Number of protein chains: 4
Amino acid sequence: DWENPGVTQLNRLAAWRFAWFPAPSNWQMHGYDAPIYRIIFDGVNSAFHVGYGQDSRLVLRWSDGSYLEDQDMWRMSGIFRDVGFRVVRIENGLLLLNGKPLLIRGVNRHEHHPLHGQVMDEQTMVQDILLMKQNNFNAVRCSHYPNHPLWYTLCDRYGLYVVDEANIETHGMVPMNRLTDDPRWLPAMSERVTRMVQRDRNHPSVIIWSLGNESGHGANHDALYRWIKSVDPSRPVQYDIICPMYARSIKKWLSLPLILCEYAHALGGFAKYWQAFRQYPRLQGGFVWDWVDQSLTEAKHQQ
Amino acid sequence: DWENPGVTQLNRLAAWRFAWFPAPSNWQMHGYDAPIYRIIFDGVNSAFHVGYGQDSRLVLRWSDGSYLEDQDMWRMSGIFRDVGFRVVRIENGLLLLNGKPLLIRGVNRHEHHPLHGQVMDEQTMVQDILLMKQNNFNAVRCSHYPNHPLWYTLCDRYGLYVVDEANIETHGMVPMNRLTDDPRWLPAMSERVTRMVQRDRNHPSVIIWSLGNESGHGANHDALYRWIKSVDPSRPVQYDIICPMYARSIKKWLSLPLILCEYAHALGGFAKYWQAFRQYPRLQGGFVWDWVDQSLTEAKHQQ
Amino acid sequence: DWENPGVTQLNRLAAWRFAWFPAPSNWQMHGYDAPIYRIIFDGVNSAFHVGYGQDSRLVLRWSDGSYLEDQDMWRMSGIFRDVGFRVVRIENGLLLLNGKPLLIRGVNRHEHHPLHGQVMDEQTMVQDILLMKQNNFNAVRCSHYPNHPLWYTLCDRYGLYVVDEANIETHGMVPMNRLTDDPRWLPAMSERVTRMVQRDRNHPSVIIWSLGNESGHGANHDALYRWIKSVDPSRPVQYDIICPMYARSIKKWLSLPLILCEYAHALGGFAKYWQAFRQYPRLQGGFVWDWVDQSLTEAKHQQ
Amino acid sequence: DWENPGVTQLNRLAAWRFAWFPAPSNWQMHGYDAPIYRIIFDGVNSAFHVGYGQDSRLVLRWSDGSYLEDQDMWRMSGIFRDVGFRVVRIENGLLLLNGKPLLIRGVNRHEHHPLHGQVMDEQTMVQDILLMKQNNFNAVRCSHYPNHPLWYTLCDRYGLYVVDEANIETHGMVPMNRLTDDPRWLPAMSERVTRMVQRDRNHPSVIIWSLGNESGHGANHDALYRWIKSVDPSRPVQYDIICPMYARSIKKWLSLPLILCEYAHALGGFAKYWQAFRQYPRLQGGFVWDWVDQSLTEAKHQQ
């Protein structure tokens, strides 16, 4: 069943002894392969087999859904894991938050552990939120895939803006829009986006829904965009918001609100980027790539 | 595989000896059950088994996709079947066709044969188009499901407006929006709508894309609506256009262009309906239900 | 100077012995003519002569500006007269007031006195506000011309919604749009509307700006409409809102939010009108014509 | 009458022996003062006295309307002067001309004569149109004030795009928006814009209506903008189009279609400007300042 985009799930509802064969932890960390750069099953990579499901980060190593996860990270597989009053609107073409203009001093954060790997632990969440807030960061973007549910609770208790990311991105396929302009791949992206929205709609920290890093002009992506819009009218969806890819250009995306989903790779041009953010009303900020390495003072001074 | 909405198709690409067991023609017509009121497989009801598919009118008798076909017709199953210059826009809230206001003197037509049943034959198409044009009918709506491809060729050679209908309707489920507000059913509706749009985008006779008769407020329906919009920007999509259900009210759908997808059941109130069509700019016409029985002069005089 | 629309005012800034010759009170009440059905000069009819001005209800009997006052009333002339937190928007095509849908149980009120005439007295204001509130009236429309400034203070202290009316209406000219599609009359309407907006922008009771009863398709009217919009973005302007003239039709104005600026002349059809108001979301209410005669229990029960 | 903005005209309908006193030609050219840098009266500067009028370029030297003519030119006064099928729209935020994207290779042209001065002669029009077309110029902007009517006929016979400019600009008043946010000056700007629109609506060469060079945020300007829009729906109005003032920034006006009404003063940065025009879809071109001095090969190569 892990070869056809049509077969998305089987008997999947709404949102340990191990053995390895040729055909919360990672089995590539204990060593079984070479890493390459109502029961609930949160954080299962690729496909697994009561029912079947291939929606990862929402057991086989390769699956049909792996083509929609063309993000830059380490490739493991296995079992990874186990209300407020605010308004965010796009009135008058400006990102308004509770009546005041919103400035996004955000940073992209990966779900990474130095020892375990992609598995997440609670203490790291604390020393990450504290480090972010101490360095003038007011927003965090859960890079590529949604984070652990406890992260959103910590963010909305400590007061941190969260931009939720759907696990949909094709940076390796040529062209990139091959899998997003094809109706055959619409069910997989729908199952990826709708479950994330259902899981994370009740978090005041979540302020922006993100479809993907970037995969094409649209067609399938925007379908989920305003599926979120009509399903969750309170939060804007970005892909309302245009998100350039490492814009140097800013002219091109302006001449088509703007939030730099990926900018200032880690940090040249930071001063010009933040001068642009402060001056230009529709340049409401961006997210620094990335928070942690996949193995700071300048950002604090700039923000 | 015919029990889960997630399993839509298997190895299905883009768009005779028979044996009956307890578990182009209809096997219920020769008599095997009680009717109830690259190879290409056009017109296969329910699910069938190289690959698998349950998208009917786009072999088992009951399937998972039968819940989306809650239309009023005879229930058979089996194998049923084997460019112009015009602009239609919604500029200024009015349905414009080539710069002139569009008046829809349409009628709903079923794919029905007195002897064969739901199987379609070519001569009937001719004596139906001729009868429609002789009775001042300028539009035809392919009721419930898309019609045979030759119908669109005959319509665009003889000059008849066609409103394409996607096979999606829930008139029996309580509430009706149960299957349209549930993300679990989005892949099936997507596979139903996208294949129809891919098959019938290259017909000048097709002027309006219709999502369904009526099934709920939206959520899943509108996703396909503007998936068509962004995939086929030339034609409007109706469900741009509001389509009342047998409006008596017209006030309610006005106070939310309007085309009566179902009106004047066959014919009381026809004079008032057509006076409303002639006077009111946004009441651009409707479709008479139905063209043929499922076993005329007044319409000719009114239009 | 009282013959040319171009001459609007002279030395006019931003907002008693009498003698009669052939060429706060009314000189037609004491008897001098036949009635026909920084210093501040509030309520001076027609034109008068330091400077010159012809903007009445914002001394000659006939003037150039009298053509824009083709309302139904008694024709006198002379000297007639001497902050809250709420949001009103048209989000999603619905009249929203502080987040809740707004129902207008309003009545049209004239500035009339049984003895003095068009002169206004303070006690009458009190026994009018009390009578309106006791009869389930929550809104008042200052018919034709703006009312005395103390009226708005009484309304926003007692909590009564006010729709401000600009003194612009041509119900006698054939066609009515003769004076509104002619650019020669734009300065007069601009001077009429801008001064009213400047005078009454700081009243929380004022919730809707009204251009005129009805005078034509637009051209000059809508100019003032969104001059108010860009000058006072907080309040909607009606003429955002469509105001039918004594609609019986409601179909025609729906098929073009709706508030009946003139309906239920005093009272047939009141039950149907209020059933329409309660059922139909975009029919948000209306104003009863009129509050007082120019010489009640049913309205209380209906609202 | 030449001191009050309210007095715009007297008895003015819709669109030689000389003596000098202390209180088609220019009287400052023959020498009477120091230049400073149904009858029809076309091109009369300031105010003049049957009737009165102060709308110049649509006899006293200084008038009330001179405050709205704060453009850069020589100050003279006196008597200066005596259908096609195309669609221009702003569909999808892009300037569309007959279905194709519009690139404006325009230049700003003054109504200037080396000997006469601001008086215009027919031959100069010919050697100006020919020189413009030979140097890859496809558009011309009538700087500050509308040009002689024969210019539009020559342009639409020779096929040259024309952007009509209303004589409204305050570059000397501090702040500039003093005269455009004040309702007292609305009648003068209305009389200036409406007469130009009435005079030049029937020219296929005219494709864009321009309110002014730049005078403020709006208030009074936009009123005329969509007075033109509702009076002449065929042509866009710019001030639909954002026109930066000598943008170096382009970021700021993008982050608020764009046409550079004033750019490349005569020529540094021309290569970058035209690279921006070619690459960026919403940067549809600009106008070179100026065509002629008020006493070329690089532009030809760049366009």
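Residues numbered from 1 in each chain as written, not as in the entry; some residues may be left out. Chains lettered and ligands numbered in written order. Heavy atoms only, no water.

Engineer: In this structure, what is going on with the overall build of chain A? I would like to understand it.
Structural biologist: Scanning chain A from N- to C-terminus turns up eight helices and 16 strands. In terms of overall dimensions, chain A is globule-like: its C-alpha atoms have a radius of gyration of 19 Å, near the 19 Å expected for 303 residues. In terms of overall dimensions, chain A has a C-alpha envelope of 55 × 40 × 40 Å along the principal axes. Expressed as a percentage of the 303 residues in chain A, the buried residues total 61%. For chain A, the accessible surface area stands at approximately 13,200 Å², while carbon and sulfur atoms represent 57% of it. The distance from the centre of the 31 positive side-chain charges to the centre of the 31 negative ones in chain A is 6 Å. (Helix = DSSP H or I, 4+ residues; strand = E, 2+ residues; numbered from the N terminus. Rg over C-alpha atoms; globule rule 2.2 N^0.38 Å. Buried < 20%, exposed > 50% of the residue type's maximum accessible area, 1.4 Å probe, protein only. Areas by Shrake-Rupley, 256 points an atom, 1.4 Å probe, with all protein chains shown as cover. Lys, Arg positive; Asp, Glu negative; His and termini not counted. Charge placed at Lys NZ, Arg CZ, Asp CG, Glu CD.)

Engineer: What should I look at first to understand the interface of chain A and chain D in this one?
Structural biologist: Note: interface size is frequently given as the accessible area lost on complex formation between the parts. At the junction of the two partners, chain A supplies 10 residues and chain D supplies 10 residues. Both faces combined, the contact of chain A with chain D buries some 1,200 Å², and carbon together with sulfur accounts for 68% of it. Contact with chain D buries area across many residues of chain A, yet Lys251, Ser255 and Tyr280 of chain A alone supply 48% of it, more than any other trio. Counting every contact that joins chain A to chain D gives zero salt bridges. In this structure, the connection of chain A to chain D is made through two residue pairs in polar contact. The greatest single-element share of the side of chain A that touches chain D, amounting to four residues, is contributed by helix α6 (residues 250-254) of chain A. Looking at the side of chain A that touches chain D, its residues break down into five nonpolar, two polar and three charged. (Contact = heavy atoms within 4.5 Å. Buried area = accessible area lost by both parts, 1.4 Å probe. Salt bridge = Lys/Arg side-chain N within 4 Å of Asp/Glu carboxyl O. Polar contact = N/O pair within 3.5 Å; in protein donor to acceptor, adjacent residues only side chain to side chain. Nonpolar A, V, L, I, M, F, W, Y, C, P; charged D, E, K, R; others polar.)

Engineer: Looking at this structure, I do not really get the relation of the copies chain A and chain D. What am I missing?
Structural biologist: Between the two chain copies there is a screw-like relation: a rotation about an axis and a shift along it. Of the two same-sequence chains, chain A is brought onto chain D (RMSD 0.0 Å, axial shift 0.0 Å) by a rotation of 180°. Those values place the two copies in the arrangement expected of a two-fold rotation axis. Measuring from the rotation axis to each C-alpha of chain A, the shortest distance belongs to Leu254 of chain A, at 3.0 Å. (Least-squares fit on C-alpha atoms.)

Engineer: What am I meant to see in the interface of chain B and chain A here?
Structural biologist: With 27 residues of chain B at the contact, the number on the chain A side is 27 residues. Between chain B and chain A the total buried area reaches about 2,300 Å² when both faces are included, carbon and sulfur atoms providing 50% of it. A per-residue breakdown of the area chain B buries against chain A is headed by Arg184, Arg226 and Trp227 of chain B, which together make up 28% of the total. On inspection of chain B and its partner chain A, the count reaches two salt bridges. Between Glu191 of chain B and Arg184 of chain A there is a salt bridge; the shortest N-O distance is 3.7 Å. Only β1 (9-10), α4 (186-200) and α5 (221-231) of chain B provide two or more residues apiece to the side of chain B that touches chain A. With seven residues, the top contributor of residues to the side of chain B that touches chain A is α4 of chain B. For the side of chain B that touches chain A, the class distribution of residues is 11 nonpolar, 10 polar and six charged.

Engineer: Would you explain the sheet that holds strand β13 (residues 206-210) of chain B in this entry?
Structural biologist: Where strands meet in a sheet, backbone hydrogen bonds hold them as pairs that are either parallel or antiparallel. Residue and element names in this part refer to chain B. Read across the open sheet, the seven strands follow the order β14-β13-β11-β10-β9-β16-β15; overall the sheet is parallel. If you trace the sheet from one side to the other, it starts and ends with β14 (237-238) and β15 (258-263), each paired once. Examined bridge by bridge, strand β9 (residues 104-109) and strand β10 (residues 139-142) share four bridges and lie parallel to one another. When the sheet's bridge partners are listed, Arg109 is paired in β10 with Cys142. Sheet strands touched by α4: β11 (161-165) and β13. Its angle to β13, the strand with the most contacts, is close to 175°. Here helix α7 (residues 270-279) sits on the sheet in contact with β9, β15 and β16 (283-288), set at roughly 165° to β15. (Pairing = 2+ DSSP bridges. Axes fitted to C-alpha atoms, helices over the stretch in contact; angles between N-to-C directions.)

Engineer: How do you make sense of the arrangement of the chains when you look at a structure like this?
Structural biologist: You won't find any contact between chain A and chain C; their C-alpha atoms come no closer than 10 Å. Taking C-alpha atoms only, the smallest gap left between chain B and chain D, which are not in contact, amounts to 10 Å.

Engineer: How should I be thinking about the sheet that holds strand β15 (residues 258-263) of chain A in this particular structure?
Structural biologist: Residue and element names in this part refer to chain A. Here seven strands make up an open sheet; going across it, the order is β14-β13-β11-β10-β9-β16-β15 and the pairing parallel. Looking at strand neighbours, the two that pair on one side only are β14 (237-238) and β15, the edges of this open sheet. Here β15 runs beside strand β16 (residues 283-288); their pairing, made up of three bridges, is parallel. Directly across from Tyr263, in β16, lies its bridge partner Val288. Contacting β9 (104-109), β15 and β16, helix α7 (residues 270-279) runs over the sheet at an angle of about 165° to β15.

Engineer: What's the story with α7 of chain A in this structure? I'm lost.
Structural biologist: For α7 of chain A, the full list of buried residues reads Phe270, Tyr273, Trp274, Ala276 and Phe277 of chain A. Taken around the axis of α7 of chain A, the buried residues stretch over an arc of 155°, which confines them to a single face. (Arc of directions from axis to C-beta.)

Engineer: Help me understand the side chain of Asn138 of chain D in this model?
Structural biologist: Residues and elements named next belong to chain D. Here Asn138 is to be found in the loop between α2 (122-134) and β10 (139-142). By relative accessible area, which is 12% here, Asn138 ends up buried. Polar contacts involving the side chain of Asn138 include one to the main-chain carbonyl oxygen of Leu103, which spans 3.0 Å. Each residue touching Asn138, except ones within four places of it in the same chain, is listed here: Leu103, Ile104, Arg105, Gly106, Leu160 and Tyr161.

Engineer: I tried to follow the environment of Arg109 of chain D on my own but got confused; where do I start?
Structural biologist: Residues and elements named next belong to chain D. Take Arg109: it is sitting in strand β9 (residues 104-109). In sequence terms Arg109 and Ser143 are 34 residues apart; their C-alpha atoms lie 5.7 Å from each other. In this structure the side chain of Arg109 is engaged in a polar contact, spanning 3.2 Å, whose partner is the side chain of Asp128.

Engineer: Is there a simple way to explain the relation of the copies chain B and chain A in this structure?
Structural biologist: Superposition of chain B onto chain A requires a rotation of 180° combined with a translation of 0.0 Å along the rotation axis, giving an RMSD of 0.0 Å. A symmetric contact is evident, with 100% of the interface residues of chain B recurring at the interface of chain A.

Engineer: I keep staring at the pairing of strand β13 (residues 206-210) of chain D and nothing clicks. Help me out?
Structural biologist: The two faces of the sheet receive side chains in turn, since in a regular strand these alternate between them. Residue and element names in this part refer to chain D. Counting buried residues along β13, five of its five residues qualify, which places the element largely inside the surrounding structure. Pairing of strand β11 (residues 161-165) with β13 involves four bridges; the strand directions are parallel. Each residue of the ladder has a partner; that of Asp164, found in β13, is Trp209. The parallel pair β13 and strand β14 (residues 237-238) is bridged by helix α5 (residues 221-231), and the resulting crossover is right-handed. (Right-handed = clockwise from strand over helix to strand, strands pointing away.)

Engineer: When you look at the UniProt feature "active site" in chain A in this model, what are you seeing that I'm missing?
Structural biologist: Residues and elements named next belong to chain A. The UniProt entry lists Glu214 and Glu262 under the feature "active site", expressed in the numbering used here. Position of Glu214 relative to the elements: it lies in the loop between β13 (206-210) and α5 (221-231). On the accessibility criterion, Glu214 (14% relative accessible area) is buried. Beyond its immediate chain neighbours, meaning those up to four positions away, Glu214 contacts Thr170, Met176, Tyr239, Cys243 and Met245. (UniProt positions renumbered as here; feature names shortened; annotations may be inferred.)

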